[PDB]
Every structure is written in structure tokens, then in C-alpha cells.
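Report on the structure given below.
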Number of protein chains: 2
Amino acid sequence: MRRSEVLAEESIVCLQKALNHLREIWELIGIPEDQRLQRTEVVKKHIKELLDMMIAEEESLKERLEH
Amino acid sequence: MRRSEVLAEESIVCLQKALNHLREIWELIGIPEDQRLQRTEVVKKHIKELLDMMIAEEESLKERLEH
């Protein structure tokens, strides 16, 4: 994000912990594995939101310097 | 998430990748870094949302197999 990458790295360290404990819970409760992919696919769409702001941050904020 | 850990691990590759490219844009545009940590803090808060699901999945969805 800025040169303080450490908060973003902690954010995805924390998602790495969380996705492992969610998968221990899967193997423990035995909920259908289709609801779990939709839970992963929404963690991934929040990162697709971060891809969308990024292609806007290069194209459009470089264009804040232009206009 | 389920034992397909891969779909979520690739979600956080793609964030790790994006957050570095967003830091390249920081060194280039020189937009004030307080917008960038608000961008980081919202990426983080989407993982807090995932923490809040998971504590509800162990406490409350393990109790869903109970009752």
C-alpha cells in the first residue's frame, strides 16, 4: 500500500491463520464443502475489489497527476 | 477453507502481488499516504469480517451441530 507494507502483510498473515482454523472447523463440524468454497470465493472477491481499485490507482490516480 | 487451501492461498498471493504494485504506484504518484493506509485498513477489515465469521463458525456453527 505505502512503504509500511507490514499492515497489509499482517492482514494476509491473519487471513492465512484464519483460513487454516476455518479448515480445521470444516474437518470438525462436517458442513457441505460447497458453502466453504463460496466463503473462499468471497474472501477472493474482496481481493478482486483490491484488484479493481489497483487498476483504478495506476490508470485513474496517475490521471489525477494528468488532470 | 475446506482442504482446497489453494483457492484462498492464491487469493492472498494475488493480494501480496497487488499490495506491492500499489506501493510501486505510491513511489510514482506521491498521493498522501493516509489514503493508502485507509486502503490497507479496509483490506484488513475485510479479513476482520472473515475472523468474525470463523469465531461464529466454531462457537455458533459447532453449536449448530448441537442444536
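Chains: A, B, ... in order of the C-alpha cells. Residues: from 1 per chain. Ligands: from 1, in order shown.
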
Can you provide chain B as a CSV table (one decimal) with N, CA, C and O atoms, in the first residue's frame, superposed onto chain A by least squares across all C-alpha atoms matched in order?
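Wrote out.csv, looks like this:
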```csv
chain,number,residue,atom,x,y,z
B,1,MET,N,1.3,-1.1,1.0
B,1,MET,CA,0.3,-0.1,0.5
B,1,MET,C,0.8,1.3,0.3
B,1,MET,O,0.9,1.7,-0.9
B,2,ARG,N,1.3,2.0,1.3
B,2,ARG,CA,2.5,2.8,1.4
B,2,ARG,C,3.6,1.8,1.9
B,2,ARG,O,3.3,0.7,2.1
B,3,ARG,N,4.8,2.4,2.1
B,3,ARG,CA,6.0,1.6,2.5
B,3,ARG,C,6.0,0.8,3.8
B,3,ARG,O,6.7,-0.2,3.9
B,4,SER,N,5.1,1.1,4.7
B,4,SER,CA,4.4,0.2,5.7
B,4,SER,C,3.7,-1.0,5.2
B,4,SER,O,2.6,-1.3,5.6
B,5,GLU,N,4.3,-1.7,4.2
B,5,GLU,CA,3.9,-3.1,3.7
B,5,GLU,C,3.5,-4.0,4.9
B,5,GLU,O,2.5,-4.8,4.7
B,6,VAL,N,4.1,-3.9,6.0
B,6,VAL,CA,3.8,-4.6,7.3
B,6,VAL,C,2.3,-4.7,7.7
B,6,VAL,O,1.8,-5.7,8.0
B,7,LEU,N,1.5,-3.5,7.5
B,7,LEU,CA,0.1,-3.6,8.0
B,7,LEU,C,-0.7,-4.5,7.1
B,7,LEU,O,-1.6,-5.2,7.6
B,8,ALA,N,-0.4,-4.6,5.8
B,8,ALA,CA,-1.1,-5.5,4.9
B,8,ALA,C,-0.6,-6.9,4.9
B,8,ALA,O,-1.4,-7.8,4.8
B,9,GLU,N,0.7,-7.1,5.1
B,9,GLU,CA,1.3,-8.4,5.3
B,9,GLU,C,0.7,-9.1,6.5
B,9,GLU,O,0.4,-10.2,6.4
B,10,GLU,N,0.6,-8.4,7.6
B,10,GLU,CA,-0.1,-8.9,8.8
B,10,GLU,C,-1.6,-9.1,8.6
B,10,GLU,O,-2.1,-10.1,9.0
B,11,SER,N,-2.3,-8.3,7.7
B,11,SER,CA,-3.7,-8.6,7.3
B,11,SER,C,-3.7,-10.0,6.7
B,11,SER,O,-4.6,-10.8,7.0
B,12,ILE,N,-2.8,-10.4,5.8
B,12,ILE,CA,-2.8,-11.7,5.1
B,12,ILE,C,-2.1,-12.8,5.9
B,12,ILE,O,-2.5,-14.0,5.7
B,13,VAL,N,-1.2,-12.6,6.9
B,13,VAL,CA,-0.9,-13.5,8.0
B,13,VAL,C,-2.3,-13.9,8.6
B,13,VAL,O,-2.6,-15.1,8.7
B,14,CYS,N,-3.0,-12.9,9.1
B,14,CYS,CA,-4.2,-13.2,9.9
B,14,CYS,C,-5.3,-13.9,9.1
B,14,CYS,O,-6.0,-14.8,9.6
B,15,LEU,N,-5.4,-13.8,7.7
B,15,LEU,CA,-6.2,-14.6,6.8
B,15,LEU,C,-5.6,-16.0,6.7
B,15,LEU,O,-6.3,-16.9,6.8
B,16,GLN,N,-4.3,-16.1,6.4
B,16,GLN,CA,-3.6,-17.4,6.3
B,16,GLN,C,-3.9,-18.3,7.5
B,16,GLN,O,-4.2,-19.5,7.5
B,17,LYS,N,-3.7,-17.7,8.7
B,17,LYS,CA,-4.1,-18.2,10.0
B,17,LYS,C,-5.6,-18.6,10.1
B,17,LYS,O,-5.9,-19.7,10.5
B,18,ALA,N,-6.5,-17.7,9.8
B,18,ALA,CA,-7.9,-17.9,9.8
B,18,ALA,C,-8.4,-19.0,8.9
B,18,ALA,O,-9.1,-19.9,9.3
B,19,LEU,N,-7.9,-19.0,7.7
B,19,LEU,CA,-8.3,-20.0,6.7
B,19,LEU,C,-7.8,-21.4,7.0
B,19,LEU,O,-8.6,-22.3,6.8
B,20,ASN,N,-6.7,-21.6,7.7
B,20,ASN,CA,-6.3,-22.8,8.3
B,20,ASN,C,-7.2,-23.3,9.4
B,20,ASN,O,-7.7,-24.4,9.5
B,21,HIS,N,-7.6,-22.4,10.4
B,21,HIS,CA,-8.5,-22.7,11.5
B,21,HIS,C,-10.0,-23.0,11.0
B,21,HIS,O,-10.6,-23.9,11.4
B,22,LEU,N,-10.4,-22.3,9.9
B,22,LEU,CA,-11.6,-22.6,9.2
B,22,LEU,C,-11.6,-24.0,8.5
B,22,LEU,O,-12.7,-24.6,8.4
B,23,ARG,N,-10.5,-24.5,8.1
B,23,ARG,CA,-10.2,-25.9,7.6
B,23,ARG,C,-10.2,-26.9,8.7
B,23,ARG,O,-10.8,-28.0,8.5
B,24,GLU,N,-9.7,-26.6,9.8
B,24,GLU,CA,-9.8,-27.4,11.1
B,24,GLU,C,-11.3,-27.6,11.4
B,24,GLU,O,-11.8,-28.7,11.6
B,25,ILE,N,-12.1,-26.5,11.5
B,25,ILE,CA,-13.6,-26.6,11.6
B,25,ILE,C,-14.2,-27.4,10.5
B,25,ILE,O,-15.0,-28.3,10.9
B,26,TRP,N,-13.8,-27.3,9.3
B,26,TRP,CA,-14.3,-28.2,8.2
B,26,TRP,C,-14.2,-29.7,8.6
B,26,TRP,O,-15.2,-30.5,8.5
B,27,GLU,N,-13.0,-30.2,8.9
B,27,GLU,CA,-12.7,-31.6,9.3
B,27,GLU,C,-13.5,-32.0,10.6
B,27,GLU,O,-13.8,-33.2,10.7
B,28,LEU,N,-13.9,-31.0,11.4
B,28,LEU,CA,-14.7,-31.2,12.6
B,28,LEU,C,-16.2,-31.2,12.4
B,28,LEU,O,-16.9,-32.2,12.8
B,29,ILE,N,-16.8,-30.1,11.8
B,29,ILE,CA,-18.3,-30.0,11.7
B,29,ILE,C,-18.8,-30.9,10.5
B,29,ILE,O,-19.9,-31.4,10.6
B,30,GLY,N,-18.1,-31.0,9.4
B,30,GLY,CA,-18.5,-31.7,8.2
B,30,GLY,C,-19.8,-31.0,7.6
B,30,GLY,O,-20.6,-31.7,7.0
B,31,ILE,N,-19.9,-29.7,7.7
B,31,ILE,CA,-20.8,-28.9,6.8
B,31,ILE,C,-20.4,-29.1,5.3
B,31,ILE,O,-19.2,-29.3,5.1
B,32,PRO,N,-21.4,-29.0,4.4
B,32,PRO,CA,-21.1,-29.2,3.0
B,32,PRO,C,-20.1,-28.2,2.5
B,32,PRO,O,-20.2,-27.0,2.7
B,33,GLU,N,-19.0,-28.6,1.8
B,33,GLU,CA,-17.9,-27.8,1.3
B,33,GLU,C,-18.2,-26.8,0.3
B,33,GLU,O,-17.4,-25.8,0.1
B,34,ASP,N,-19.4,-26.8,-0.3
B,34,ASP,CA,-19.9,-25.7,-1.2
B,34,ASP,C,-20.2,-24.4,-0.5
B,34,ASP,O,-20.0,-23.3,-1.0
B,35,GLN,N,-20.6,-24.4,0.8
B,35,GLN,CA,-20.6,-23.2,1.7
B,35,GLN,C,-19.2,-22.6,1.9
B,35,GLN,O,-19.1,-21.4,1.8
B,36,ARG,N,-18.2,-23.5,2.1
B,36,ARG,CA,-16.8,-23.1,2.3
B,36,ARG,C,-16.2,-22.5,1.1
B,36,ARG,O,-15.6,-21.4,1.2
B,37,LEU,N,-16.3,-23.1,-0.1
B,37,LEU,CA,-15.8,-22.4,-1.3
B,37,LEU,C,-16.6,-21.1,-1.6
B,37,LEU,O,-15.9,-20.1,-1.9
B,38,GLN,N,-17.9,-21.0,-1.3
B,38,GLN,CA,-18.5,-19.6,-1.3
B,38,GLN,C,-18.0,-18.6,-0.3
B,38,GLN,O,-17.9,-17.4,-0.6
B,39,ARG,N,-17.5,-19.1,0.8
B,39,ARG,CA,-16.8,-18.3,1.8
B,39,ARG,C,-15.4,-17.9,1.3
B,39,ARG,O,-15.0,-16.8,1.4
B,40,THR,N,-14.6,-18.8,0.6
B,40,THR,CA,-13.4,-18.5,-0.1
B,40,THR,C,-13.5,-17.6,-1.3
B,40,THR,O,-12.6,-16.7,-1.4
B,41,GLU,N,-14.5,-17.7,-2.1
B,41,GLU,CA,-14.8,-17.0,-3.3
B,41,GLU,C,-15.2,-15.5,-2.9
B,41,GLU,O,-14.8,-14.6,-3.7
B,42,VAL,N,-15.8,-15.3,-1.8
B,42,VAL,CA,-16.1,-13.9,-1.2
B,42,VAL,C,-14.8,-13.3,-0.6
B,42,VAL,O,-14.6,-12.1,-1.0
B,43,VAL,N,-14.0,-14.0,0.1
B,43,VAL,CA,-12.6,-13.5,0.5
B,43,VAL,C,-11.8,-13.1,-0.8
B,43,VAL,O,-11.4,-12.0,-0.9
B,44,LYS,N,-11.8,-14.0,-1.8
B,44,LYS,CA,-11.2,-13.7,-3.1
B,44,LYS,C,-11.8,-12.4,-3.7
B,44,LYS,O,-11.1,-11.5,-4.2
B,45,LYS,N,-13.1,-12.3,-3.8
B,45,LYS,CA,-13.8,-11.2,-4.4
B,45,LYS,C,-13.6,-9.8,-3.7
B,45,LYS,O,-13.4,-8.8,-4.4
B,46,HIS,N,-13.3,-9.9,-2.4
B,46,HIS,CA,-12.8,-8.7,-1.7
B,46,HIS,C,-11.3,-8.3,-2.1
B,46,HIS,O,-11.0,-7.1,-2.3
B,47,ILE,N,-10.5,-9.3,-2.4
B,47,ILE,CA,-9.2,-9.0,-3.1
B,47,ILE,C,-9.4,-8.6,-4.6
B,47,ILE,O,-8.7,-7.7,-5.0
B,48,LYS,N,-10.4,-9.0,-5.3
B,48,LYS,CA,-10.8,-8.5,-6.7
B,48,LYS,C,-11.2,-7.0,-6.7
B,48,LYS,O,-10.8,-6.3,-7.6
B,49,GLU,N,-11.9,-6.6,-5.7
B,49,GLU,CA,-12.3,-5.3,-5.3
B,49,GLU,C,-11.0,-4.4,-5.1
B,49,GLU,O,-10.9,-3.3,-5.6
B,50,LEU,N,-10.0,-5.0,-4.4
B,50,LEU,CA,-8.6,-4.4,-4.3
B,50,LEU,C,-7.8,-4.3,-5.6
B,50,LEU,O,-7.1,-3.3,-5.8
B,51,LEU,N,-7.9,-5.4,-6.5
B,51,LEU,CA,-7.4,-5.3,-7.8
B,51,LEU,C,-8.0,-4.2,-8.6
B,51,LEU,O,-7.4,-3.3,-9.2
B,52,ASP,N,-9.4,-4.1,-8.6
B,52,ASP,CA,-10.1,-3.0,-9.3
B,52,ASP,C,-9.8,-1.6,-8.8
B,52,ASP,O,-9.7,-0.7,-9.7
B,53,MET,N,-9.6,-1.4,-7.5
B,53,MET,CA,-9.0,-0.1,-7.0
B,53,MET,C,-7.6,0.1,-7.7
B,53,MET,O,-7.4,1.2,-8.2
B,54,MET,N,-6.7,-0.8,-7.7
B,54,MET,CA,-5.4,-0.6,-8.1
B,54,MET,C,-5.2,-0.3,-9.6
B,54,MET,O,-4.4,0.6,-9.9
B,55,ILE,N,-5.9,-1.0,-10.5
B,55,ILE,CA,-5.9,-0.7,-11.9
B,55,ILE,C,-6.5,0.7,-12.2
B,55,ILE,O,-6.0,1.5,-12.9
B,56,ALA,N,-7.6,1.1,-11.4
B,56,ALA,CA,-8.0,2.4,-11.3
B,56,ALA,C,-7.0,3.4,-10.7
B,56,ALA,O,-7.0,4.6,-11.1
B,57,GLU,N,-6.1,3.0,-9.8
B,57,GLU,CA,-5.1,3.9,-9.2
B,57,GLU,C,-4.0,4.2,-10.2
B,57,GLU,O,-3.6,5.4,-10.4
B,58,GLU,N,-3.4,3.2,-10.9
B,58,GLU,CA,-2.5,3.4,-12.0
B,58,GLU,C,-3.1,4.1,-13.1
B,58,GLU,O,-2.8,5.3,-13.3
B,59,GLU,N,-4.1,3.5,-13.8
B,59,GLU,CA,-4.7,4.2,-15.0
B,59,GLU,C,-5.3,5.6,-14.7
B,59,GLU,O,-4.9,6.6,-15.1
B,60,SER,N,-6.3,5.6,-13.7
B,60,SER,CA,-7.1,6.8,-13.4
B,60,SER,C,-6.5,7.8,-12.4
B,60,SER,O,-6.6,9.0,-12.6
B,61,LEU,N,-5.7,7.3,-11.4
B,61,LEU,CA,-5.1,8.3,-10.3
B,61,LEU,C,-3.7,8.8,-10.7
B,61,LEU,O,-3.4,9.9,-10.5
B,62,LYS,N,-3.0,8.0,-11.6
B,62,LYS,CA,-1.9,8.6,-12.4
B,62,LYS,C,-2.4,9.7,-13.3
B,62,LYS,O,-1.8,10.7,-13.4
B,63,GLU,N,-3.5,9.5,-14.0
B,63,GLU,CA,-4.3,10.5,-14.7
B,63,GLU,C,-4.9,11.6,-13.9
B,63,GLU,O,-5.2,12.7,-14.4
B,64,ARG,N,-5.0,11.4,-12.5
B,64,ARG,CA,-5.4,12.5,-11.6
B,64,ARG,C,-4.3,13.5,-11.4
B,64,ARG,O,-4.6,14.7,-11.3
B,65,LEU,N,-3.0,13.0,-11.3
B,65,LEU,CA,-1.9,13.9,-11.4
B,65,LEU,C,-1.8,14.6,-12.7
B,65,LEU,O,-1.4,15.8,-12.8
B,66,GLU,N,-2.2,14.0,-13.8
B,66,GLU,CA,-2.3,14.6,-15.2
B,66,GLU,C,-3.4,15.7,-15.3
B,66,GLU,O,-3.1,16.8,-15.8
B,67,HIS,N,-4.6,15.4,-14.8
B,67,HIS,CA,-5.8,16.3,-15.0
B,67,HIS,C,-6.8,16.3,-13.9
B,67,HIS,O,-7.1,17.4,-13.4
```
